[PDB]
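Numbering of the sequence shown is given in our numbering, commencing with residue -19 and proceeding in unit increments.
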Amino acid sequence: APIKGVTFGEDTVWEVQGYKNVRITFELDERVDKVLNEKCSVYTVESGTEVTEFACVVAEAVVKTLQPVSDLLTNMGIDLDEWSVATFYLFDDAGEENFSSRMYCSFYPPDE
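Printed below as a string of structure tokens:
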């Protein structure tokens, strides 16, 4: 119930609270995949936000959340330092840049 500062029972949720709920479950890793999908893949979306704004708030935690043994990732090919400076294209269930209840995390661009 992500309600504003001082507010409660004003009319309904997802209308006044000015927030939402979105999850990520597409593809990123092979060993530490659940670390960013199960450990914490849920995030809140304000009222006025862009699909690109979440690419800086969602990918963030994905870093500190997946920093168990970067020494290995870098040895396999997966860079942890790049994740913080990489592009996060949030896709939908239709194949577009949407931020619905569930948005996929694709590395490749939309089409541009």
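Backbone N, C-alpha and C define an ideal beta-carbon position, used for all residues, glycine too.
Keeping to the same chain, check which residues put their C-beta closer than 6 Å to that of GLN(-3); ignore five residues upstream and five downstream.
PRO(-18), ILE(-17)
Please list the segments of the alpha helix (DSSP H) lying wholly inside the region -10 to 58, counting only runs of 4 or more residues, in order along the chain.
34 to 44, 50 to 56
Own chain residues within Cβ distance below 8 Å of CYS20, not counting five before or after:
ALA41, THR45
Contact check, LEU70 vs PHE34, beta carbons under 8 Å:
yes
Terminal residues of the continuous beta strand (DSSP E) containing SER86?
84 to 86
Please name the residue in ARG11, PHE6, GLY75 whose C-alpha comes closest to that of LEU52.
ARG11
Reference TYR23, options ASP91, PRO89, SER81, closest by Cα:
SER81
Endpoints, the beta strand (DSSP E) within which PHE71 is located:
69 to 71
Helix, strand or coil at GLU77 [DSSP, three-state]
Three-state DSSP puts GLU77 in coil, outside helix and strand.
Should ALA74 be labelled buried (16 or more other beta-carbon atoms within 10 Å of its own) or exposed?
exposed
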